[PDB]
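First the structure, then my questions, so here it is.
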Amino acid sequence: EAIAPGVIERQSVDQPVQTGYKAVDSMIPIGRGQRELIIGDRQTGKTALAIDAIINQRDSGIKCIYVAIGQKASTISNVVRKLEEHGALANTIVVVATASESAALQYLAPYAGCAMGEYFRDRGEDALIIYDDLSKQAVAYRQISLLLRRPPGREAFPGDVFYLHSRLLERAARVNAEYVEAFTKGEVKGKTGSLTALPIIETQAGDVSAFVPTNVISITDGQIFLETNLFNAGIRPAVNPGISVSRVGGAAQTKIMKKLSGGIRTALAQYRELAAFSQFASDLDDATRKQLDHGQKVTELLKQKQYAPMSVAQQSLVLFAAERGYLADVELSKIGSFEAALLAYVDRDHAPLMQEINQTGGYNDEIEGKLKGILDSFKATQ
Amino acid sequence: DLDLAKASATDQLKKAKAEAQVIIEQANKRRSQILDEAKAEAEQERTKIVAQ
Amino acid sequence: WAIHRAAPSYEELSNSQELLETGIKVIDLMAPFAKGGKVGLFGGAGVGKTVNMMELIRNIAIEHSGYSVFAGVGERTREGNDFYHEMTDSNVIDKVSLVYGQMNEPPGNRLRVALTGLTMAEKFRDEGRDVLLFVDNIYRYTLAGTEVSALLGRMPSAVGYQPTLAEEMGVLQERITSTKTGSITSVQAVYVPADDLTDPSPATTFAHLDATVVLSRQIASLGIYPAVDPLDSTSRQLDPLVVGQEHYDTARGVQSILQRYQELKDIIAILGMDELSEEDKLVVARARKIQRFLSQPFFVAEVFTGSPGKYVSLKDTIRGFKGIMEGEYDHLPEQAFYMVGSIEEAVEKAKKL
Amino acid sequence: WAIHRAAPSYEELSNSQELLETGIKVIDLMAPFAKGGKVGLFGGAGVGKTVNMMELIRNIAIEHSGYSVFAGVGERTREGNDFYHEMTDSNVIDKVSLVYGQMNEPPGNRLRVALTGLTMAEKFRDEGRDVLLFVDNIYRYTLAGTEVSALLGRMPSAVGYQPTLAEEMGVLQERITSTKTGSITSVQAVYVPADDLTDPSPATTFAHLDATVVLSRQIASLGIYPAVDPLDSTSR
Amino acid sequence: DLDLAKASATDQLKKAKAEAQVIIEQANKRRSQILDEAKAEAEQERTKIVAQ
Amino acid sequence: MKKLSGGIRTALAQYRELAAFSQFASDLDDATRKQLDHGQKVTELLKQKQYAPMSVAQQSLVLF
């Protein structure tokens, strides 16, 4: 149990944490020191997205931590076996409190995980921590609290169920160089530590306006809302734009991505009202034809397989293709073929520009020109 | 213009023989590089399995 | 000074119709507020009641001479740091006083940190100045009381709230007021739990504010920002005798149209839009155009959307809404109105689709 | 054996993810069973739940070489008697172990009877076998827990349910898993109060189920058996 | 003859797109067969080294 | 006022009984259309601005 660093010890989040996924790295960017809720219904790909975030840090100097609270023991063993399969386990701490174990261990599990994450933060390193279900922690605390006869409140949760998650997630922070010097007795100079969090919440029947989901939407710096309708229709990861947001925004992206993405999420919020209103017919049929062409081929574009992360270089030219209007020439069923071909094309022809964008944020009018010269030489030779 | 008709009849069939040539040459190359990627992947997933 | 004080006497209060302009279309069309008055931003979690407060800070507290106070009651420390540096890196910091009781801290700090900000503001008021007081989430001042209440041995009340909720809230909200010697202008963010506007804590607050701006999730999830609900926002200042007949009449016509549009949504949902009278389709089209035009790009939301901010004056917004209502823009498409400044920028955006 | 036991420790769990071949085409195709999984059975009445149960009790004894246990948690006595007769005259009775704590019994009986069947299945598991454990209504196990909790005087939780709801469920559902020496699969009849899949009891059970087979009155009215519905049946 | 040349030319492109996608599809089928076979056979190496 | 207000209750009562048709009002018959368009006018008549009170003579005159 600890109190997070104060207002003067923090620093603003300025460094990207790449997951593998086109959807979140472009619409919902995450930065080192951010806290970013993953919220959705059950069997929606929450754990998939979280451990795909872990696996990807395998090679970027971020230590990862995975806290499983109230999960089935076999599922936890399966997760550990998958982390070991992809070589990520050597870089992760796994704290587990299975569905069988006393409610006090589930209640206290995520604080024990943050105590291990803060070791790297205070030493000027970076860490990433994943609370597997902070709904089940709230339930375990409600049990501990009702067994002590405390008067419950809304939905029978105790009065201080906000303070529970509040004092936890407020420890995921980025601390400036002076805090690291002072804490470490001057051993470490000029480095800023951080600890990124990805709490997972579970909602009944798509209700994001319940008590606890809204308590946590109010503590984190954004949320990724995974919608079960999109997930059943095959749109995976089922990121619902217009409910998902990132409160640090572009400041946490690379420059290239920050330029290419832009308003895309509000673009799809527009589109998803408009395609539900215009359920019958359309106007400016040509204009809305080339809108709900791309405002729909975006959704067809951002879907991605599991365990297939793609570097920032690969995501960047893809968002260029989509955003600059080059996909108005393609039918929906072709998009996946189109990307599958393009990402090999640029691994054959424009091989070094990929290496160049992977290192740097890399945006120039030179780069935009060269990135049109990339489109054209391919668009004419599929 | 009888022979303008002859001219177009020569030209467009020449062009068919050309476009329906390059389409198939291009798809053959696509198939070549797809079966290349197949090996580049299969022999790389092996490393994963033996490290595991 | 001691942080526990009595509120000013009824004899000392003062009343001021002096309207205060903010370059936000919806706020000062629908719910204009005055120098020395109280404003509250009501909203659930994540709907934009901190971005709105930072834009009000930008539009008032840089263009204002007197001092200013900011109390952060039970909110993120990340945002307190961001604000502290945004101030310091533009040299307005040395006219702002800050107090922070952020969400890390145990209940006592979040419970008493509001009275400290009020005490500083009251000192500046008594010197004869006029002050700005921004409170970053006043809901955390009573939640911190609910946490402590049961341990103090007090029987629970309606939804688990302390039995003294209305008194705890009144004895604070009563000392934040302007007076004959000086005036406090304030903006308060008021969180609404579970989006439930009838919960006791929001419900007992509406009575303490002059301008209430009610944000909503069912609008933010359309991408329409600021997500203000015009059928629920309101101001004491919206009188013909205070804002003039034309401003008042435009605002009432806008509410009338949007309400008539709410009434049609169930029949539109069941039977589709083609069963509408030939003039109800026109009401629906103008209502959707008005819903778009209420949107605006803020200067503090550039980080989120790239698009640059806009400042719209009052003279320039009542004109645009009077135009949309009178039908003189029926030829433009809806999207021509989304996220623009004045009406001219919509007439332009239509050229470019 | 004592009926109260700890769940298998993390290092005892089977290091693989196999499937159970029931031999019923609809189930094996649309909703496969994991060996050591939990399975919900959402059929109503008249559709032949008990003949499906007998079919599984038979196939898992003959085709594999496991046994079975049937735990009747708080259900009509009449059904139990006519089920005991429907089995004795199909010869499967020699391959199943029965334990019954029906509605007439005091709350203490209906609460623990689920653990008796479970601790018999655990004995069959220790012998290296593959077992199949039927719970005739898990909802009545939850309700017996609520009754006993009210008797003890503990404060009421979310919709009146006991405060210990998720722990009381997990301490049961967590003892039935595969293991390096054997495995217990389970087929659990589920009932959803007020048809509300959000109610805390369904919501807590569904966190533990792997597959879910829905029986349908319609598919039976077509004279097609088993009456499994392929579109609502699901497996993860 | 101009007209029927116009027709029978585009005939060849209609044919050519089909015979392009057919060979691309076959390339992908051979891809999946290569991958699945290399995976299935490397799993034997894993299991034998482990059991040893 | 007792004499004159007795017709307003009935006007608004018939209006409340017919109000459900306002959304299909085009298909209605002219017999009930007149009641439906009378109720709306006697409703628009009862609107009034704040701080502008009416002596009983003015109210009686307008309700007449």
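Note that the chains are named A, B, C, D, E and F in the order they appear, and that numbering of residues resets to 1 at the start of each chain.
Operating definition for what follows: a residue touches a chain if its C-beta (ideal position, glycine included) is under 8 Å from a C-beta of that chain, and two chains touch if they have at least 3 such contacts.
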Task: Shortest path length from subunit A to subunit D (each step joins two touching chains) - done: 1
- [ ] Please find the path from subunit B to subunit C through touching chains that uses the fewest steps, and give that number.
- [x] 2
- [ ] Check every other chain and keep only those touching both subunit D and subunit E; list them.
- [x] none
TODO: Report the chain whose mean Cα position is at the greatest distance from that of subunit D.
DONE: F
Task: Most central chain, Cα average position - done: A
Open item on the list: A-C versus A-B: which interface comes out with more C-beta contact pairs?
Closed with: A-C
Task: CA centroid of subunit B to CA centroid of subunit F, Å - done: 78
Open item on the list: Between subunit E and subunit F, what distance separates the C-alpha centroids? Give it in angstrom.
Closed with: 77
Task: Distance between chain centroids, defined by C-alpha means - subunit A, subunit E (Å) - done: 35
Open item on the list: Can you work out the whole-Å distance between the CA centroids of subunit C and subunit F?
Closed with: 38
TODO: Send over the residues of subunit A in touch with two or more other chains.
DONE: 152
TODO: Pull out every residue in subunit E that's touching 2 or more other chains.
DONE: none
TODO: Can you tell me which residues of subunit C touch two or more of the remaining chains?
DONE: none
Task: Each pair of chains that touches, named by its two labels - done: A-B, A-C, A-D, B-E, C-F
Task: Touch list for subunit B against partner subunit A, complex - done: 26, 30, 33, 37, 48, 51-52
Open item on the list: Can you tell me which positions in subunit F touch subunit C when the two form their complex?
Closed with: 23, 25-26
Task: Residues of subunit D that touch subunit A when the two form their complex - done: 6-8, 10, 13, 15, 17, 36, 154-158, 163-164, 166-167, 170-171, 173-174, 177-178, 197-198, 203, 206-208, 236
Task: Touch list for subunit E against partner subunit B, complex - done: 1-2, 5-6, 8-13, 15-17, 19-21, 23-24, 26-28, 30-31, 34-35, 38-39, 42-43, 45-46, 49
- [ ] Sort out for me which residues of subunit A touch subunit B in the complex.
- [x] 84-87, 341, 344, 348, 381-382
